[PDB]
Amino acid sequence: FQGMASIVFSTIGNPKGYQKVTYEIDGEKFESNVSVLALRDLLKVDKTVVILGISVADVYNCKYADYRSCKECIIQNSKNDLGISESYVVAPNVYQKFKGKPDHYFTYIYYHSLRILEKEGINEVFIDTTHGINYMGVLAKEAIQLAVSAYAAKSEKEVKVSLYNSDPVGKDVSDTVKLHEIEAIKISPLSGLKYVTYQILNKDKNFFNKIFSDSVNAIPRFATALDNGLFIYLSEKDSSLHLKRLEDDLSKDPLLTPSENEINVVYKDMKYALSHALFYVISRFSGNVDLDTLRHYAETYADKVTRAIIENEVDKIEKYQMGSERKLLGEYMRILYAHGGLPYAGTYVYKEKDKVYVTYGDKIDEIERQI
């Protein structure tokens, strides 16, 4: 299954909803107490996701026994006020007595929105920030962008993403409130990959520390390999454990710990979201690399020069009749990169029944050092 479903994510600052207003797109109108229901109606959006901060517990006198029971109380009460039965993402946020780190909101939305994209078979995403307050809008937008980027690359599909906002404040039903398309982008597997790597490669040298042993070095290295089309490396240098550990890290509930005067909320720093997106995209490349798979990777996941270099190397390999035993490419015909990841002294080739494979074999440590 593949899927062409649409979804709208909406940042809602007040789970009680808002004064009824008449929203409008292209002259067509829909009256609502929340912009997201108007976007859903006017754009015929399949799925709805309301994003709330844990801080709105205060509105309903929800208890702080633990994050899960607190968020369940929020959802039960908001469903009745908003007339939206599902789905809800209730994220760690900083607001009044609720204390923490704003980037934790980002991490949480990235991870939870990614899971939703997987489940829903999505090809079009709307992000409605009409009712967001403080930093909700900027961080939900960027966290969802990251999730759609990871999703498009791993699922190998195109996903359209649009940012919407309106201004219903101090208006009523006699007011017409336009829902504006602010920006619309198309994310392809290539541009999803490039966004994910971009978010690793523009961070300071210590940014990815304490994620796993030597993560401070391993993470930017894996990102550089992904960014430059080193598919054989992504296939052969196992990162499945890193991915599993990050899933474990992000799957656990935030901690809610009440003070005298405060509720402290602890989730995971942004570096965990960026790292997960990286290893999630890398998981696309698992398994042995035969020539047609590599041709496809070149077309799908490499920029134009890198694609051309890889395809030229493959063209050269396809001129020869290939045997069962493994030989270095040299035996048939900056160096790592000038040959698009197939340097002749550092890559083997072999034929196993109907496929020719390229592998670094026991030379992978040499390759790793040149990344």
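From 1 onward, residues are counted along the sequence shown.
The deposited sequence places 4 to 9 unmodelled residues between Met333 and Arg334. Note on 359-367 vs 6-14: mean CA B-factor is higher in 359-367. 58-66 and 44-52 differ in mean CA B-factor, and the higher of the two is recorded for 58-66.
Of the residues listed, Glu156, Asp172, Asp292, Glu142, the entry assigns the biggest Cα temperature factor to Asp172. Comparing C-alpha B-factors across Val125, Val196, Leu117, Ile211 in the deposited entry, the largest value falls on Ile211. Per the PDB record, residue ranking by Cα B-factor puts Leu37 in the lowest third of the chain.
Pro258 sits in the highest third of its chain by CA B factor, as recorded in the PDB entry. Looking at the C-alpha B-factors along this chain, the one for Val216 belongs to the highest third. The PDB entry assigns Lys205 a C-alpha temperature factor belonging to the highest third of its chain's modelled residues. Compared with the other modelled residues of the chain, the Cα B-factor recorded for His296 ranks in the lowest third.
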